[PDB]
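Take a look at the structure set out below.
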Amino acid sequence: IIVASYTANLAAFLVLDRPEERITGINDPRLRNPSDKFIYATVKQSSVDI
Amino acid sequence: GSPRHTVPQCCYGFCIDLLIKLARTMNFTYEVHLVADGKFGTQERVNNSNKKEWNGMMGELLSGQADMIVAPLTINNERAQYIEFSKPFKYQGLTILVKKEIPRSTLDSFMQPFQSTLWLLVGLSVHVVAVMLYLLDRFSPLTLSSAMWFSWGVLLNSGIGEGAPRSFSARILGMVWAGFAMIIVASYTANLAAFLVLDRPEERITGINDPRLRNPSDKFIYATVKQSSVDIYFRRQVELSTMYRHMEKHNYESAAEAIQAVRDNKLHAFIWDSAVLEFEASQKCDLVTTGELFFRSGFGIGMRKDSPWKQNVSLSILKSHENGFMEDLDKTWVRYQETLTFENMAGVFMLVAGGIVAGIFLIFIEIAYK
Amino acid sequence: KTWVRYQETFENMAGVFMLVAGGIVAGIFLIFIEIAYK
Amino acid sequence: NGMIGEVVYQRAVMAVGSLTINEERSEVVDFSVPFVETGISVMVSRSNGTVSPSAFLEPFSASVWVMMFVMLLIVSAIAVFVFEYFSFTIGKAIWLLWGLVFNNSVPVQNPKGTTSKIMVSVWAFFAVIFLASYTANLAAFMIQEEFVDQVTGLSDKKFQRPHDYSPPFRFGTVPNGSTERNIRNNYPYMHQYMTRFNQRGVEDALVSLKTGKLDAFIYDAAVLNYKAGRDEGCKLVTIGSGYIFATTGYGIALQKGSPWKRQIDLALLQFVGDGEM
Amino acid sequence: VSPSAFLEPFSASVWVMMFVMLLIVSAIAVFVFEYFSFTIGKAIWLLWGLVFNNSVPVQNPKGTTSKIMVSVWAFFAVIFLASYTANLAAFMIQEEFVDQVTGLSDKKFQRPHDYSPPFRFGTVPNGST
Amino acid sequence: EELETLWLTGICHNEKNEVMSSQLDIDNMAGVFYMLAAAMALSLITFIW
Ligand SMILES: *[C@@H]1O[C@H](CO)[C@@H](O[C@@H]2O[C@H](CO)[C@@H](O)[C@H](O)[C@H]2NC(C)=O)[C@H](O)[C@H]1NC(C)=O
Ligand SMILES: *[C@@H]1O[C@H](CO)[C@@H](O[C@@H]2O[C@H](CO)[C@@H](O)[C@H](O)[C@H]2NC(C)=O)[C@H](O)[C@H]1NC(C)=O
Ligand SMILES: *[C@@H]1O[C@H](CO)[C@@H](O)[C@H](O)[C@H]1NC(C)=O
Ligand SMILES: *[C@@H]1O[C@H](CO)[C@@H](O)[C@H](O)[C@H]1NC(C)=O
Ligand SMILES: *[C@@H]1O[C@H](CO)[C@@H](O)[C@H](O)[C@H]1NC(C)=O
Ligand SMILES: *[C@@H]1O[C@H](CO)[C@@H](O)[C@H](O)[C@H]1NC(C)=O
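Protein chains in written order, with the numbering used here: chain A, 5 to 54; chain B, 113 to 482; chain C, 179 to 216; chain D, 22 to 298; chain E, 1385 to 1513; chain F, 737 to 785.
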C-alpha cells in the first residue's frame, strides 16, 4: 500500500505542468493595471500604437 | 383543477419565520392568506381598452386585497416604477438546473464491456507457448500439466510452489513470456487507471454563454415559469428574444412542475434563482446546477406607496442583518444540507463463481476418473 | 513549408542510474569490509 | 466624520463611491437600493495545506469484506478436501491466500491435485485486477484538490480564544471601521483581543499576511476577492463566499428628504436591468 | 488515436544502461558465487527474472551479498516499474491526434487504390471550390 | 471582434483529450509479437545447437 501510494504520488507529479506560469489573457486586469514586472511593449511608431 | 375549494391550512418555512421575526420586532397584528393564482405578476394585456394590467401578488396588492407582500420578490425596474421596494434580506442570482447525473463505467470495462481480444489473445498465446514448450521438452537437444502450471504462474505473478523444467534453451522462452506478461498487465493497469481518470465528458450547458441555446432546437428544452419576472427581464434585453421565443412555448405554472419534469427528463434545463436550486440539490441528489451566475438580485418585501411601515420595517430588516438572525435563518434552512465493486465487480464475481462451480465439477469428474 | 513550417524514458533515468551506481560501488567496498570481518 | 461628516452636516449631497451600510447611517441619512453583493470576509496567509489521502472506502466499504472471508473459507475447505484426498495449510489457507495477494510470502506446499492451484490462480487474478483498481483509485485521487480550511466562519471556536488551541494566532481589522462596530455589537471580547492586534495599511496588512506578520484579517468580501484575484503569486483564495458573514451590499447615501432617491433607484435598476452592470 | 511507443521510441539508449547495470550485478553475483550450485551462467536468467518478479522459482542464495544485491536490484526494479507506469500515464494524458490526410496535395487524393479502403469526398455543385 | 465572438460557437476546441481513447491499441501487441517472433527465432537457433 505504501509503494502504491508512492507510485501514485510520482505519477501525479508527472501528470500536470505548472498551468499559466505567465499570463496569456489580453483582458487580464493585471495587464490593465500593470506593475513594474510586467514589461510589455511595442515597436515605436507602429500600427499597434495607432 | 379546483375553482371553489379554499381551506385554512398551516403555513411555515423560511419567510414565515421572517414574518414572525418582524411581528416580534414591530408591534402589530396581521392576516396571512395565499394568492389566488400561482403567478408572481406581469404587465399583461387585458382583453379590452388596449391597456396592460397586473395579476398575482401585485394584482391582489394593488386591488387593495393585500397590504404587505413577504415573498421571494424578484426585484426589477418595472415594479419600482409603480410601487416601492424594501432593502433585500436575501441576495441571490440566476442559474440553470440540468441533469448531469449519469453513472459512468458500469462494469469498469474488465472483459465484457471491452471487446474480446485480450482473453482469447492470452488463451491462444499460452496455447502456442505450451505447444512449443512441449516440442522443446519431448525432444530435448508430470510434463504436460507441470508446464501448463508454470506457464500460468509466470503469466499470473503471484508466487506458487512450482518448478521450472529442464530449460537449457527454454529459459529464454520463459524470460520472454515473463516480460510479455508484465508489460501486458502494466499497460492494462496504466490505461485503465488513466481512462477512469479522464472519464469526464461535457454534457452540461455552462450558463448563459451557450450558442447551443442561442440557436436552440428540440434537444435542449429550456423553459420558465408562466408569467415570471425573469421572463420580463429577458423580454427587456435586446438580443434575448430567441430564448424568449423558446421558453414561451413551454411555460409552466409552478417550479415543482419543472422539477418533476427535469426529474422525469421531460425538460433539459430551467432558468431559476440560484440558492433555491442549491437547496433542492441538497434535497434531490440527482440535481447539479451550472456555474455561471448572472443577474445578482435581491429578495426583500413587496411594499405599497408612502406608508408608515416603510422606515422602521427597513430598520428591522437591517437589524436582522447586523445580528446573527441571518445565521439563524441559515441554520434552519440555508446552511442546512441533507471502482465501487457493487455495480462494477458484481459480474466479475459472478463469472468467478461460475468458474468455481465449473472447476469443482471438473475436479470431481477427475477424481471419478482417477 | 520552407521556413514557417520548418521548426528547430529520458527524464526518469539519469540521477537514478548515477545514484544507484554510486550506491552499488560503495556497497561493494562495504562487502569487502564485511568479508574481511568474517 | 468623512463622507458621513459631509452629508449629515449638509456640506455634500451624496456618496456615489463605495460605502458600508449599518443601522446608524440608516438613521442619520437614507441609503439607495444596493447593486452588488458585498458582505465581509477573512483573508489568511493560507500556506500549502494537505490533500488528506488518509482513508479509502470505495472498493470494499466494510461490506465486501464478508465475501472475502466467505471465499477464504471456501478455498480453505476445498484445500482440506484435497488434503483428505491426498501440507499444513488447513488454518494457514487464509494466510497463504491473502499473503499471495501481495506476492511476497514464503511459498507453502501447494498440492498437485489441480484444484487449489486453479482456485488460487483465479483469486490471484482477481487480486491483480483489484490492485489495478486500487492504483486506479489512487490515481483518480489526483483529480480533486482540497486543502482544508482552518476557520469555517465568524462563529469559530478558534475565534473564541487562540489560547484554547495549541498554536496561538492573530486577527485584524481596519481602524475606525464599521466592521469594528459590527464586532462591538456582536462580540466585545473579539474587540478586546483585536485591540492589541491592530494594523495601519490595507496593503501593509496584505504584505503582513504574505510575509507572515499577520495570521488573519477581516475586511469586506468582494474587495478581498478582487485583490486575491489580481494577486501576484496567486496564493490567496477566500474561505467561503459570504456564508457565515454579514451579507450586506453597497448603497448610495442620500439626505433625508432628497427628491433624487426615486430617480437614482430607477437608474440603478435600469443599469442592472440590461446586464450593463 | 491510441499510438504504440514503448521501447524503441522512448528507451532508445536507457535500455543500454539497464543492460550495463544488469551485467554489473551479474558479474557481482558470479564473483560471490565463485568466492564461497549452478548459478554461473544461470545467474543472468535469475537476474532478469527477478527484474520483473513474475513468480519464477529459481533458488535461494546462501551468500548474504547475493541477497543484498537482489534487495538493492529489486528496489531499483520497483522504482523503475513505478516510473514506467508514470510514463504510460503521461503517454495517455499527453495524447496526440494525428490525421489520415495531412494535406490538400495528398497522394491519397490522386487515386484511392493507393490504400486498401477506397475513400470518398465531394463538394457542392456549381461552386467556386 | 464582438460580432465574430457572438455569431461563432466555440465549445469544441482544438484536439480535446476526452474519453475517445477506447482502451484498445492494435500496434502495441503487434510489436510485442514481432519481438516474440524474434524470440522464437532465437529459440530455434538455440534448439538446433
Ligand atoms: C382538491 O380538488 C377537488 C376540489 O375541486 C377535491 O375533490 C372533490 O371535488 C368535488 C368537485 O369536483 C367536490 O364536490 C368534492 O367535495 C371534492 N372532494 C372532497 C373529499 O372534498 C379534492 O378533495 C381536493 N383535494 C386535493 C386532492 O388536493
Ligand atoms: C448546377 O447548375 C446546372 C444548370 O442549372 C444544373 O443542371 C440542371 O439540372 C437539372 C436536374 O436537376 C436538369 O434537368 C437540367 O437540364 C440541368 N440544366 C438546366 C438547363 O437547368 C445543376 O442541377 C446544378 N447543380 C446544383 C444542384 O448545384
Ligand atoms: C403592543 O400592542 C398591543 C395590542 O395593541 C398592546 O396591548 C401593547 O400595549 C403594545 N405594547 C407596546 C410596547 O406598545
Ligand atoms: C383574453 O386575453 C387572453 C390573452 O391575454 C386570451 O388568452 C383570452 O382568450 C382572452 N379572452 C378572455 C378571457 O376574455
Ligand atoms: C418608528 O420609529 C420611531 C422611533 O422614534 C417611533 O417614534 C415611531 O412611532 C415608529 N413608527 C413609525 C412612524 O413607523
Ligand atoms: C481612529 O480615530 C481616532 C480618533 O482620535 C484617531 O486618533 C486615530 O488615528 C484613527 N485611526 C485610524 C488611522 O483610523
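By construction, the Cβ of each residue, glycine as well, lies at the ideal position given by its N, Cα and C atoms.
For residue i, three-class secondary structure by DSSP
i, result
"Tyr142 (chain B)", "coil"
"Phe262 (chain B)", "helix"
"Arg1504 (chain E)", "coil"
"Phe307 (chain B)", "helix"
"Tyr124 (chain B)", "coil"
"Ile239 (chain D)", "strand"
"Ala276 (chain B)", "coil"
"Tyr364 (chain B)", "strand"
"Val1416 (chain E)", "helix"
"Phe437 (chain B)", "helix"
"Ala1427 (chain E)", "helix"
Short Cβ contact (7 Å threshold) for residue i with residue j
i, j, result
"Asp761 (chain F)", "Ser1386 (chain E)", "yes"
"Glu365 (chain B)", "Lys338 (chain B)", "yes"
"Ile317 (chain B)", "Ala381 (chain B)", "yes"
"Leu275 (chain D)", "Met35 (chain D)", "yes"
"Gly412 (chain B)", "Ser198 (chain B)", "yes"
"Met169 (chain B)", "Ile187 (chain B)", "no"
"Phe1460 (chain E)", "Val198 (chain C)", "yes"
"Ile1428 (chain E)", "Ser1410 (chain E)", "yes"
"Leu117 (chain D)", "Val101 (chain D)", "no"
"residue 16 (chain D)", "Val57 (chain D)", "The structure shown does not extend to residue 16 (chain D), since chain D is modelled only from 22 through 298, so no value can be given for it."
Assumed close pair residue i, residue j - CB separation to whole angstroms, cut-off 8 Å
i, j, result
"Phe201 (chain B)", "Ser432 (chain B)", "7 Å"
"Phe292 (chain D)", "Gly60 (chain D)", "Wrong, their Cβ atoms sit about 21 Å apart, outside the cutoff."
"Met1476 (chain E)", "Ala368 (chain B)", "At roughly 45 Å, the Cβ-Cβ gap does not stay under 8 Å, so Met1476 (chain E) and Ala368 (chain B) are not in contact."
"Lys211 (chain B)", "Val374 (chain B)", "6 Å"
"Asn1510 (chain E)", "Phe1394 (chain E)", "Not quite, the Cβ-Cβ distance comes to about 52 Å (not below 8 Å), so this is no contact."
"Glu196 (chain B)", "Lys417 (chain B)", "6 Å"
"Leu219 (chain B)", "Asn456 (chain B)", "5 Å"
"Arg251 (chain D)", "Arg22 (chain A)", "Going by Cβ atoms, the distance from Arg251 (chain D) to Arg22 (chain A) rounds to 19 Å, so no, they are not a contact pair."
"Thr1469 (chain E)", "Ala302 (chain B)", "5 Å"
Residues bridged to residue i [DSSP beta-bridge criterion]
i, result
"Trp384 (chain B)", "B:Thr207"
"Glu156 (chain B)", "B:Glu165"
"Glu58 (chain D)", "D:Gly270"
"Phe195 (chain C)", "Per DSSP, none; premise fails for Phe195 (chain C)."
"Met1453 (chain E)", "Looking at the DSSP assignment, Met1453 (chain E) forms no beta bridge with any residue, so it has no partner."
"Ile413 (chain B)", "B:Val182"
"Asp51 (chain D)", "D:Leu275"
"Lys202 (chain B)", "B:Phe411"
"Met35 (chain D)", "D:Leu275"
"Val400 (chain B)", "B:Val210"
"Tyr334 (chain B)", "B:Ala381"
"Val65 (chain D)", "D:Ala237"
"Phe406 (chain B)", "B:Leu206"
Quiz item: For the stretch 1471-1490 of chain E, which residues have a beta carbon sitting closer than 7 Å to at least one beta carbon of chain A?
Solution: From the stretch 1471-1490 of chain E, only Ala1473, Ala1474, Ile1477 have a Cβ closer than 7 Å to chain A.
Self-check item: Contact residues within the stretch 284-311 of chain B, judged by C-beta distance below 9 Å to chain E
Solution: Under the 9 Å Cβ criterion, the stretch 284-311 of chain B contributes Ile284, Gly286, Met287, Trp289, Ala290, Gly291, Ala293, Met294, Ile295, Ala298, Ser299, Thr301, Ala302, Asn303, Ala305, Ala306, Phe307, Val309, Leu310.
Practice problem: With 9 Å as the limit, tell me which residues of the stretch 143-154 of chain D have their beta carbon closer than that to any beta carbon of chain B; keep them in chain order. | Solution: If you check each beta-carbon in the stretch 143-154 of chain D against every beta-carbon of chain B, the ones closer than 9 Å belong to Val143, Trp144, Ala145, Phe146, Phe147, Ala148, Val149, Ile150, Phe151, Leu152, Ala153, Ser154.
Quiz item: What residues from the stretch 179-193 of chain C come within 8 Å of chain E, judged by C-beta to C-beta, listed N to C?
Solution: Here the close residues are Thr187, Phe188, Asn190, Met191.
Practice problem: Output, in sequence order along the chain, the residues in the stretch 165-197 of chain B whose CB is closer than 9 Å to any CB in chain F. | Solution: Cβ contacts with chain F come from no residue of the stretch 165-197 of chain B.
Quiz prompt | chain B contacts from the stretch 222-255 of chain D (Cβ-Cβ distance under 9 Å) | solution = Result list empty, no residue passes.
Quiz item: In the stretch 201-226 of chain B, which residues sit with their C-beta less than 8 Å from some C-beta in chain F, listed in chain order?
Solution: Residues are counted here when their Cβ sits less than 8 Å from a Cβ of chain F; for the stretch 201-226 of chain B these are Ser221, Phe226, given in chain order.
Self-check item: Positions along the stretch 1425-1443 of chain E whose CB lies within less than 8 Å of some CB in chain B
Solution: So the close ones are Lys1426, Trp1429, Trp1432, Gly1433, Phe1436, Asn1437, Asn1438, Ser1439, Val1440, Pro1441, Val1442.
Quiz item: What residues in the stretch 1493-1505 of chain E have a beta carbon less than 7 Å from any beta carbon of chain C?
Solution: Considering only beta carbons, no part of the stretch 1493-1505 of chain E lies closer than 7 Å to chain C.
Exercise. Would you list, in chain order, the members of the stretch 25-37 of chain A that have their beta-carbon closer than 9 Å to a beta-carbon of chain D?
Key: The stretch 25-37 of chain A vs chain D, Cβ under 9 Å: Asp32, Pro33, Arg34, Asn37.
Quiz item: When you check each C-beta in the stretch 257-287 of chain B against every C-beta of chain F, which residues fall closer than 7 Å?
Solution: Residues passing the 7 Å Cβ filter: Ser281, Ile284, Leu285.
Quiz item: Going along the stretch 233-248 of chain B in order, which residues come within less than 8 Å of chain F, judged by CB to CB distance?
Solution: Under the 8 Å Cβ criterion, the stretch 233-248 of chain B contributes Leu233, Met244, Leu248.
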